[PDB]
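To begin, one chain is listed below as structure tokens, in the form deposited in one PDB entry.
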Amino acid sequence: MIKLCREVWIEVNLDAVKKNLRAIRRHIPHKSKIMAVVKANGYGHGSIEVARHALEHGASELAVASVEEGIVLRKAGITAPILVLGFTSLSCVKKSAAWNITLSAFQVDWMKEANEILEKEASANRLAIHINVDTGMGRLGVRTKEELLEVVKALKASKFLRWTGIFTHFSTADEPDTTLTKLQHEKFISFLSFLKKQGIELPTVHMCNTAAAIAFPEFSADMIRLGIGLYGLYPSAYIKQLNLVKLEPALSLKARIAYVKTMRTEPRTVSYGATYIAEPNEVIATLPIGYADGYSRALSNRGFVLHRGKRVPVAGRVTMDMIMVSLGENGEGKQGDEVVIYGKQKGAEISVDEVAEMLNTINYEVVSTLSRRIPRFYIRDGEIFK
């Protein structure tokens, strides 16, 4: 199959990504664009190949966490609009314009000072901007309709800026109680109505994350922001249970057994702390993944991997680079056998969602903390590359 020195790797199924984009496309209104959210290295799936695939199969724009993530995509030959969701220091204004990155901003002072930096360097390449309106996320963005007006005016007065969007972020659209979500929607529409009544024409409006796209597709407006769903993962249990859109998981994480041994002699202590004592004929397979790869140490004596289609448990503590599992009394297994850490094997499955449940977190965290040291392979039209 694949040749590696250390035998741990991720497979991202781009056929799955395409199918997710199509399922979402067919769910939200026909005219709505998709902005594929490829922040944090593609939610740990690899920003570039996900971005490239997304753009060919129904996305129009990309979103990222920073200018540096956006430049990564440029250097990969990507020319679609890239929006930085977080805050960008005035330090990087010039660099942003040069690499044609779209920045979010929401403050008069920032817009004017951005304009002055660009006026000095004199480039014809204007800096693209979106305005973030905070309707209750409480994170970034402007909060009253009157400060919003000033921001718009300052942006429109700035000839080295170009306004290409305005947005908000829902903070509870994945929850069974939709009260807050509807209050946010109705505040955002409100602020926009206010702008329209001052004779201001709107650029691209966008508010839905995956959760709201699915539960409130009527909010898609000109463009949705598809993150977790792109990766074939649901924003919550609730959203999944609505059974409105069929997503398929794009990531699996795999490895090969590095060493197998029957624990014939003493001491039969396994791993740091000696927290697991194996039986005399207990078989113990060692695997090349650990907590510095993003495989939580809280999975010590708790997690489960797949080997020849069955669940075999983590025995003893997770270490920095390796774990051990029990194949049981006289269990069969060889050096080189393929193991799935996240995903499917035969008819068994250990989803990223089950892993997040074990660890009292969410699927976003389990994928987006997968270390860059784990190489990514991509599957397209059923076959593997770079």
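Heads up, when I say rigid core I mean the largest set of C-alphas that superpose within 1.5 Å between the two forms. Heads up: residue numbers just count along the shown sequence, starting at 1.
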- Select between 32-40 and 333-341 the stretch whose C-alpha atoms have the higher average B-factor in the entry. 333-341
- In the PDB record, does 285-293 or 117-125 carry the higher mean Cα temperature factor? 117-125
- Candidate residues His206, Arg264, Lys254, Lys75, the one whose C-alpha B factor the record puts highest: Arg264
- Note on the structure: In this crystal structure's PDB entry, the residue among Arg308, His169, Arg225, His130 with the greatest CA B factor is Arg308
- Message: Among the modelled residues of this chain, does the Cα B factor of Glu349 put it in the lowest, middle or highest third?
- Response: highest
- Query: Going by the entry, which third of its chain does the Cα temperature factor of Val67 land in?
  - Reply: lowest
- Pull the Cα B-factor of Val8 out of the PDB entry and bin it into the chain's lowest, middle or highest third. lowest
- Message: Quick check on the deposited entry: does the C-alpha B-factor of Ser326 sit in the lowest, middle or highest third of its chain?
- Response: highest
- Task: Compare the C-alpha B factor of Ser158 with those of the other modelled residues in its chain, then answer lowest, middle or highest third.
- Result: highest
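Not pictured, yet referred to below: the form deposited in another entry.
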- 2 Å or more on the CA of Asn243 between the shown form and the other one, with the rigid core superposed, yes or no? no
- Message: If the two forms are fitted on the core, does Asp177 show a Cα displacement reaching 2 angstroms between the shown form and the other one?
- Response: no
- Item | Core-superposed C-alpha of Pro267 shifting 2 Å or more between the shown form and the other one | yes
